[PDB]
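Visitor: Mind looking over this structure? Questions follow.
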Amino acid sequence: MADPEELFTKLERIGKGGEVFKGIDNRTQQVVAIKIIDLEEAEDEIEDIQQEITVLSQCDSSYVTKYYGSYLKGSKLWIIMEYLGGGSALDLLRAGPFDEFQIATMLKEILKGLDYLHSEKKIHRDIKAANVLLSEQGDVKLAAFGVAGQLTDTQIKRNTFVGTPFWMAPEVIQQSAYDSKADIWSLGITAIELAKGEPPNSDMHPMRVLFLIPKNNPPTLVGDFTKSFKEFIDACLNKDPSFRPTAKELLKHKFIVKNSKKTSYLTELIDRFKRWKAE
Amino acid sequence: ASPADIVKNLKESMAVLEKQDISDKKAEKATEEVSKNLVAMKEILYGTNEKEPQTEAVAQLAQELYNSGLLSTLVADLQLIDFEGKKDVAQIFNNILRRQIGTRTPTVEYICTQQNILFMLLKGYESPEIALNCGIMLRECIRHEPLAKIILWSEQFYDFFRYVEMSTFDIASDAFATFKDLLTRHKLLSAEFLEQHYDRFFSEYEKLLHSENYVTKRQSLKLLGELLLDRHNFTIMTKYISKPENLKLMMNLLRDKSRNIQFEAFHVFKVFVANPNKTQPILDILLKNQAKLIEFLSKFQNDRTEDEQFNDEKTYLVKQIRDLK
Ligand SMILES: Nc1nc(Nc2ccc(S(N)(=O)=O)cc2)nn1C(=S)Nc1c(F)cccc1F
Numbered sequence: 017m018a019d020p021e022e023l024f025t026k027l028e029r030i031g032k033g036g037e038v039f040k041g042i043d044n045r046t047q048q049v050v051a052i053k054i055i056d057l058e059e060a061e062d063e064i065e066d067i068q069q070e071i072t073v074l075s076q077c078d079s080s081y082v083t084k085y086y087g088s089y090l091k092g093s094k095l096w097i098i099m100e101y102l103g104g105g106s107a108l109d110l111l112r113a114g115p116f117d118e119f120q121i122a123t124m125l126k127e128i129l130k131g132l133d134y135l136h137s138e139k140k141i142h143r144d145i146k147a148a149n150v151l152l153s154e155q156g157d158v159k160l161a162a163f164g165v166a167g168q169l170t171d172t173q174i175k176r177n178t179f180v181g182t183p184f185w186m187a188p189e190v191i192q193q194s195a196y197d198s199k200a201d202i203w204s205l206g207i208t209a210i211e212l213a214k215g216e217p218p219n220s221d222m223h224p225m226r227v228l229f230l231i232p233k234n235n236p237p238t239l240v241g242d243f244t245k246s247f248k249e250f251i252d253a254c255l256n257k258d259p260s261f262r263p264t265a266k267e268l269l270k271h272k273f274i275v276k277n278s279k280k281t282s283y284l285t286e287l288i289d290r291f292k293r294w295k296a297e
Numbered sequence: 010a011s012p013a014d015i016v017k018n019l020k021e022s023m024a025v026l027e028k029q030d031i032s033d034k035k036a037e038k039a040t041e042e043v044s045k046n047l048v049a050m051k052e053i054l055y056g057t058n059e060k061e062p063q064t065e066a067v068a069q070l071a072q073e074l075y076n077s078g079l080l081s082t083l084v085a086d087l088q089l090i091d092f093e094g095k096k097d098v099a100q101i102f103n104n105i106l107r108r109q110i111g112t113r114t115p116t117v118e119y120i121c122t123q124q125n126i127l128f129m130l131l132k133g134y135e136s137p138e139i140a141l142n143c144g145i146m147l148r149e150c151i152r153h154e155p156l157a158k159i160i161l162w163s164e165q166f167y168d169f170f171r172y173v174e175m176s177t178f179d180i181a182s183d184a185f186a187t188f189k190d191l192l193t194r195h196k197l198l199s200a201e202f203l204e205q206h207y208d209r210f211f212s213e214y215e216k217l218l219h220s221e222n223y224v225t226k227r228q229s230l231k232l233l234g235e236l237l238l239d240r241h242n243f244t245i246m247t248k249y250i251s252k253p254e255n256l257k258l259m260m261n262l263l264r265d266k267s268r269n270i271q272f273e274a275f276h277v278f279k280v281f282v283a284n285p286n287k288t289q290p291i292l293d294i295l296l297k298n299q300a301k302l303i304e305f306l307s308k309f310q311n312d313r314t315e316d317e318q319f320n321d322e323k324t325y326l327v328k329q330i331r332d333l334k
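The listed protein sequences derive, respectively, from chains B and A.
The entry's author numbering puts the first sequence at residues 17 to 33, 36 to 297.
Using the entry's author numbering, read the second sequence as starting at 10 and increasing by one per residue.
In structure tokens form, the structure reads like this:
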């Protein structure tokens, strides 16, 4: 029933994070990202994969990538999603750094997405420059693949865990409780990344890092940056989860309000990248 | 806003929905009041502004809902509603559901009236645009001990085997989810069913163990095992583990295309070959094959080690097989 191989055509390979594929809905000629999951391998049951799907279908924010259903071919399950043209924010970075204004514009958008998710008692659990995507016209939205309901543990045993601890909050690392306020902390780290091009301690060894995050003082923006940027970051990267603002509260923080510009003006970066990159 | 805003809602905006052509009046404006007043619910029904779901506000509210079949023709048509409105309706249903007096809910007491409130939901499974919402609400009420007994015994219960075999995965998944949550949720209430409806049920269930569809085949085979070792279902298993029809089929699932499928069959296979009081049809078919089953169980997924309990059962099965008679 409904063979997805002839329903869709796989093109290039896109994102690693596996096997996602740029592809075309052969019927409507509309471009999509297709994640192809093994099920014969899995082996985190199917009830987790079916669970990861049920959550996605619940999401309908235009700040999070739209889920377009899934199809089964033998033992392989194609999950189909709203394809974003511009690519990752981490990719866009490759053509040179960002305006404190472009940065702010993004964060405002991410924040809008994060509110939606937080309102619906969901977390994202994987906020990095890499999972922030742009459209051809510069709309900023969250790769929905992170998304998860509050309860019954994210990481467990495969295609759920985070490989890198860099953006991880300290109450996550210490295994203790942790809710939507650990999302905020990543947004903090994401900001520093968007500013500097990589999260604090990229030079370091992941095991070492993981033990430092809770022991140390939080990271902080360093350099040629408006005091309200630096302040915005310290709002996020407070080590006590409750001392961190909600999403909405941050949407009103001076750094955003002073600095965010029209979301269309982001097509600057898509047009730069485009100009910069061969092939 | 009070009960004086549920009236100006359900009578005016709601009842009007099922009537419209393609007007500019009910294009968005009239459907907006429908959607806006559902958000007004979740405000008083759930977290009031900053604070918690009020106990003050419910008293003079929950009763005004049962006034007429107001949630009858509400469910008797969706799609035309809203995406985030459907989401509210779901949670609006699912938060007053637990409104309780003493240790019994006034919801259950005044759902059990004209019970066709639930027949609508299961039937929502064929409308792909709502199917998921219906299941979401449905599971939340078959969650209650007295509530699920209503559906279990239905005639249109046996519609599931067509629902589960629906093409669109996510619906064919969510179908099996309500399927399970009934035959499990209440262990005492469930055992009541399988005995009085063994013949019709397991002939229908056997259809599943054939269908492939990798997932439908798997989940069903797995759900089989759970239902047998339930121990509230000791009567049912001794019954099922007796027909040689069932054991014949298991044997072939072990020869399956799929690794995970084979192993998932070995979990119903062992149950047959472990029964203290094995009946004659089983013992006959086992002896008949005995010679070359040892040949199969010698090299059966020899890598999972790892699983002693697997291998401890492995040798145990070859004892039974080699020893009879
Ligand atoms: N929905 C969506 N659209 C896109 N567009 C995209 C992403 C990367 C690139 S790339 N890295 O420039 O080739 C090009 C287009 N990526 N994408 C998703 S789902 N992002 C994603 C993901 F969700 C998981 C792992 C890796 C990823 F890149």
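Beta carbons: idealized from backbone N, C-alpha and C, even for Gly.
I want to know whether the stretch 173 to 186 of chain B touches the stretch 210 to 223 of chain B - three or more CB-CB distances under 8 Å.
Guide: The stretch 173 to 186 of chain B is in contact with the stretch 210 to 223 of chain B.
Visitor: Determine, using beta carbons only, whether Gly41(B) and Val50(B) come nearer to each other than 7 Å.
Guide: Closer than 7 Å, so yes.
Visitor: Do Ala162(B) and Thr244(B) come within 7 Å of each other at the CB atom, strictly closer than that value?
Guide: Against a cut-off of 7 Å, the Cβ pair of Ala162(B) and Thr244(B) comes out as no contact.
Visitor: Where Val158(B) and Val190(B) are concerned, what is the direct C-alpha to C-alpha distance, given to the nearest angstrom?
Guide: If you take the alpha carbons of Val158(B) and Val190(B), they lie about 27 Å apart.
Visitor: Within the same chain, show all residues whose beta-carbon is closer than 6 Å to that of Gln192(B), passing over the 5 residues directly before and after it, in chain order.
Guide: Cβ neighbours of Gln192(B) beyond the five flanking positions: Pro232.
Visitor: What's the call for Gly105(B), buried or exposed, on a 16-neighbour Cβ count within 10 Å?
Guide: When all chains shown are included, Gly105(B) counts as buried.
Visitor: Is it buried or exposed, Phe273(B), if we count other Cβ atoms within 10 angstroms and call 16 or more buried?
Guide: With 16 or more Cβ atoms within 10 Å of its Cβ, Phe273(B) is classed as buried.
Visitor: By a C-beta neighbour count over all protein chains shown, 10 Å radius and 16 as the cutoff for buried, is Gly111(A) buried or exposed?
Guide: Looking at its Cβ environment, which holds fewer than 16 other Cβ atoms inside 10 Å, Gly111(A) is exposed.
Visitor: So, at 8 Å on beta carbons, what are the nonlocal neighbours of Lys323(A) in its own chain, with the 5 sequence-adjacent residues on each side left out?
Guide: The answer, listed in chain order, is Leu306 and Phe309.
Visitor: Taking the alpha-carbon positions, what's the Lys158(A) to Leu198(A) distance?
Guide: If I take the Cα positions, the gap works out to 7 Å.
Visitor: What residue range does the alpha helix (DSSP H) around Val173(A) cover?
Guide: That residue, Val173(A), is in no alpha helix (DSSP H); it is neither H nor E in DSSP.
Visitor: So if DSSP puts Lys140(B) in a beta bridge, which residue, or which two residues, is it bridged to?
Guide: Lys140(B) is bridged to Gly167(B).
Visitor: Exposed or buried, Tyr167(A), counting other C-beta atoms within 10 Å across all chains shown (16 or more means buried)?
Guide: Counting Cβ neighbours within 10 Å, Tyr167(A) comes out exposed, since fewer than 16 surround it.
Visitor: According to DSSP, is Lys295(B) helix, strand or coil?
Guide: Coil, per DSSP.
Visitor: Just to check, is the beta-carbon of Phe166(A) closer than 6 Å to a non-hydrogen atom of ligand 1?
Guide: Not so, every heavy atom of ligand 1 lies at least 6 Å from the Cβ.
Visitor: Return helix, strand or coil for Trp96(B), following the three-state DSSP convention.
Guide: The answer is strand: DSSP assigns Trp96(B) an E or B state.
Visitor: With respect to 6 Å, is the separation between the Cβ of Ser204(B) and the closest non-hydrogen atom of ligand 3 below this value?
Guide: By its list of ligands, the structure shown excludes ligand 3, since it contains just ligand 1.
Visitor: Using a Cβ cut-off of 7 Å, pull out every chain B residue sitting near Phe178(A), in sequence order please.
Guide: Those are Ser88, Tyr89 and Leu90, listed as they occur along chain B.
Visitor: Have a look at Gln100(A) and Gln228(A) and give me their C-alpha separation to the nearest angstrom.
Guide: Looking at the two C-alpha atoms, the distance is approximately 28 Å.
Visitor: Taking the alpha carbon of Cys121(A) as the point to measure from, which residue in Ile160(A), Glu317(A) and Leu218(A) has its own alpha carbon closest?
Guide: Out of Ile160(A), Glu317(A) and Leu218(A), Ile160(A) has the C-alpha closest to the C-alpha of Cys121(A).
Visitor: Thinking just about the alpha-carbon of each residue, which of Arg152(A), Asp208(A) and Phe188(A) is nearest to the one in residue 335(A)?
Guide: What is shown of chain A runs 10 to 334, which leaves residue 335(A) out entirely.
Visitor: Taking the alpha carbon of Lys32(B) as the point to measure from, which residue in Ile52(B), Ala18(B), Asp43(B) and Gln48(B) has its own alpha carbon closest?
Guide: Closest by alpha carbon: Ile52(B).
Visitor: Determine the chain A residues that contact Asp78(B) at a beta-carbon separation under 8 Å, and present them in chain order.
Guide: What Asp78(B) touches in chain A: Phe92 and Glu93.
Visitor: Provide the residue(s) that pair with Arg113(A) in DSSP beta bridges, ordered along the chain.
Guide: Paired residues: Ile110(A).
Visitor: Give every residue of the same chain whose Cβ lies closer than 8 Å to the Cβ of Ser278(B), excluding the five residues on either side of it in the sequence, and list them in chain order.
Guide: Closer than 8 Å at the Cβ level, and outside the excluded window around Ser278(B), lie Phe119, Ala122, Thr123, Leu125 and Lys126.
Visitor: Report the rounded CA-to-CA distance for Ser182(A) versus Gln68(B), giving the unit in angstroms.
Guide: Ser182(A) and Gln68(B): Cα-Cα distance of roughly 7 Å.
Visitor: Alpha carbon to alpha carbon, how far is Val43(A) from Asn76(A)? Give it in angstroms, no decimals.
Guide: Going from the Cα of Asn76(A) to the Cα of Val43(A) covers about 18 Å.
Visitor: For ligand 1, any of its heavy atoms closer than 6 Å to the Cβ of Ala161(B)?
Guide: Checking every heavy atom of ligand 1 against the Cβ of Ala161(B), one is found closer than 6 Å.
Visitor: Return the CA-CA distance between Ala39(A) and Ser22(A), expressed in angstroms with no decimal places.
Guide: The alpha-carbon atoms of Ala39(A) and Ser22(A) are separated by roughly 6 Å.
Visitor: Output needed for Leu203(A): all residues of its chain with C-beta closer than 6 Å, excluding positions within five of it in sequence on either side, in chain order.
Guide: Closer than 6 Å at the Cβ level, and outside the excluded window around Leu203(A), lie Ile245.
Visitor: Is DSSP giving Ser220(A) helix, strand or coil here?
Guide: Coil.
Visitor: From which residue to which residue does the beta strand (DSSP E) around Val150(B) run?
Guide: Taken as a continuous stretch (DSSP letters only), the beta strand (DSSP E) holding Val150(B) covers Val150 to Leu152.
Visitor: Short of 7 Å in beta carbon distance, which residues of its chain neighbour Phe102(A), apart from the five on each side in sequence? Order them along the chain.
Guide: Closer than 7 Å at Cβ, skipping near neighbours: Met146.
Visitor: Using the rule of at least 16 other Cβ atoms within 10 Å of the residue's Cβ for burial, across every protein chain shown, is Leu90(B) buried or exposed?
Guide: The residue is buried, with at least 16 neighbouring Cβ atoms inside 10 Å.
Visitor: What is the C-beta distance between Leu152(B) and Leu102(B), in whole angstroms, given that I count them as a contact (C-beta under 8 Å)?
Guide: Yes, they are in contact, since the Cβ atoms of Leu152(B) and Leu102(B) sit about 6 Å apart, within 8 Å.
Visitor: So, at 8 Å on beta carbons, what are the nonlocal neighbours of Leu80(A) in its own chain, with the 5 sequence-adjacent residues on each side left out?
Guide: Only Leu74, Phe102 and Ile126 meet the Cβ criterion.
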